[PDB]
Each structure stands twice: as C-alpha cells, then as structure tokens.
Amino acid sequence: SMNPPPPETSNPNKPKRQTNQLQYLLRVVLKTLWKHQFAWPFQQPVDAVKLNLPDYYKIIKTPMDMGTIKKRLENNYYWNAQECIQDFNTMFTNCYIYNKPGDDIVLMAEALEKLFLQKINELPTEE
Amino acid sequence: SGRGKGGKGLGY
C-alpha cells in the first residue's frame with residue numbers, strides 16, 4: 001500500500017483570521033509540545049511505507065499529527081480555537097487506537113496529552 | 001490494535 005496524501009493544510013476557499021487564542025495555540029501550546037523530548041513520533045504524518053506498517057491506514061482513517069497542525073495554524077486554516085484543539089485530540093486518540101497498551105509511544109502520548117491539557121488551561125481571552 | 005511501532009529508547 002501507498003501512503004495516503006497528507007491532510008490538507010491550506011484552503012483559500014475558507015475565510016481567514018488571526019485571533020489571540022489561535023496565536024497562543026501556535027506560539028505557546030504547539031511550540032511547547034513540539035520541543036518536548038517525546039514530540040518526535042507526532043511531528044509528521046505516519047509514513048506507513050517507510051515504517052512498514054501496512055495496517056496503519058486500514059485502522060486509522062482520520063490521521064492527524066503536529067506537523068499538520070502547525071502548517072494549518074501557519075495557514076490560518078482554523079477559524080476557531082476548538083478546531084485546532086480537536087485535531088490534537090484526534091492525534092492522541094489515533095495513537096491509543098493503533099498502538100498497544102504499554103508501548104513506548106503510548107507513554108509518550110500520555111505525557112504530551114497531559115502537558116497539552118495543562119497548556120490549554122492557560123489560553124488567553126477571546127475577542 | 002495493529003502491529004505497533006517498537007521501542008523508542010525509554011525502557012524497559
């Protein structure tokens with residue numbers, strides 16, 4: 001099997017805005033997770049071909065990763081903060097669907113998710 | 001679950 005194309009990250013047929021909370025999501029929340037010691041499995045789409053995971057895209061139909069999320073934020077792809085948060089949520093659940101309990105990547109996801117939740121508790125005020 | 005990804009240098 002081939003890899004699927006990566007998720008869409010630019011769509012100019014969607015209106016664009018910058019908001020306090022979206023900027024914080026990019027420059028603080030994502031930035032903090034991105035530079036964490038456990039970030040790397042989540043920094044790009046899963047390359048099922050190079051990782052020899054023929055089952056990955058049989059199981060995961062809504063792939064998501066922080067590389068995609070970053071690109072979406074840079075492109076003002078999200079109008080609402082919650083759309084971005086949802087993509088983080090999807091990324092974590094995909095990990096818990098595909099990987100077995102006890103696996104290293106599950107530990108890594110749980111630590112990043114706890115940190116994510118902490119950072120989201122600190123979002124600034126809405127316009 | 002699928003086949004998984006293997007160790008990532010945390011263990012074990």
Side-chain angles (χ1 to χ4, degrees), chain A residues 1-17 19-99 101-127, chain B residues 1-11:
Chain A
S1 295
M2 295 173 56
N3 291 320
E8 291 186 39
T9 52
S10 175
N11 189 346
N13 206 47
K14 302 205 299 174
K16 292 176 167 182
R17 67 176 177 183
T19 67
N20 297 327
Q21 293 188 347
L22 289 167
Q23 291 291 105
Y24 198 92
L25 277 160
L26 176 55
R27 290 296 187 245
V28 182
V29 177
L30 179 277
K31 196 169 287 296
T32 298
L33 268 61
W34 185 271
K35 301 194 198 182
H36 194 276
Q37 159 184 215
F38 292 165
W40 69 264
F42 311 98
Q43 287 173 335
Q44 58 285 313
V46 176
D47 184 340
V49 175
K50 289 203 193 326
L51 292 174
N52 192 27
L53 308 175
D55 60 347
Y56 189 82
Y57 294 106
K58 298 190 191 170
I59 294 165
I60 300 299
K61 304 301 191 183
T62 315
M64 189 49 56
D65 65 279
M66 297 199 294
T68 298
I69 298 165
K70 182 172 183 279
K71 295 175 178 197
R72 284 177 172 199
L73 286 159
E74 290 182 3
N75 275 284
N76 306 104
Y77 192 85
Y78 307 118
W79 188 257
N80 286 332
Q82 185 60 210
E83 300 176 271
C84 173
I85 294 167
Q86 177 172 309
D87 275 346
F88 277 99
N89 294 338
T90 293
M91 179 184 81
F92 294 124
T93 47
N94 288 344
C95 184
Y96 306 139
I97 291 163
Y98 181 76
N99 301 284
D103 283 359
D104 282 357
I105 194 179
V106 172
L107 190 78
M108 297 164 85
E110 289 169 340
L112 290 172
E113 185 184 2
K114 178 178 184 179
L115 183 59
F116 175 71
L117 290 167
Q118 293 168 333
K119 300 304 286 197
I120 290 304
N121 287 336
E122 306 170 323
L123 294 188
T125 43
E126 187 183 353
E127 296 83 354
Chain B
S1 75
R3 63 163 66 178
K5 290 177 180 181
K8 286 187 194 291
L10 311 185

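Heavy-atom basis, side chains included; hydrogens, waters and symmetry copies ignored. Naming: A, B, ... by sequence-line order, numbering from 1 per chain.
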- Query: Under 3.5 Å, side chain of A:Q43 to main-chain N/O of A:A39, donor-acceptor pair present?
  - Reply: no

- Message: Show every ring-ring contact (aromatic ring centres under 6.0 Å, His included) that has at least one partner inside residues 38-61 of chain A, sequence neighbours left out.
- Response: A:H36-A:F38, A:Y56-A:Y98

- Within the side chain of A:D65, is there an N or O that forms a donor-acceptor pair under 3.5 Å with the backbone of A:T68? yes

- Query: Do any N or O atoms from the side chain of A:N3 and from the backbone of A:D47 form a donor-acceptor pair under 3.5 angstrom?
  - Reply: no

- Note on the structure: The complete set of side chain to side chain donor-acceptor pair (under 3.5 Å) pairs with one or both residues in residues 84-94 of chain A, sequence neighbours excluded, reads A:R72-A:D87, A:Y78-A:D87

- Heavy atoms only: give me the nearest A:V29-A:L123 pair and the separation to one decimal. CG2-CD2, 4.3 Å

- Smallest separation among heavy atoms of A:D55 and B:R3, with atom names: OD2-N, 2.8 Å

- Query: What closest approach, in Å, do A:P124 and A:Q21 show between heavy atoms, and which atom pair accounts for it?
  - Reply: O-NE2, 2.8 Å

- For A:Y77, is the NZ or CZ atom of A:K14 found under 6.0 angstrom from the centre of its six-membered ring and inside 45 degrees of the ring axis? yes

- Note on the structure: On a heavy-atom basis, the closest approach of A:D104 and B:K8 is OD2-N, 2.8 Å

- salt bridge (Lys or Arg N to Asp or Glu O under 4.0 Å) pairs, two or more places apart, involving residues 19-34 of chain A: none

- A:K16 and A:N76 have their tightest heavy-atom pair at CG-O, 3.7 Å

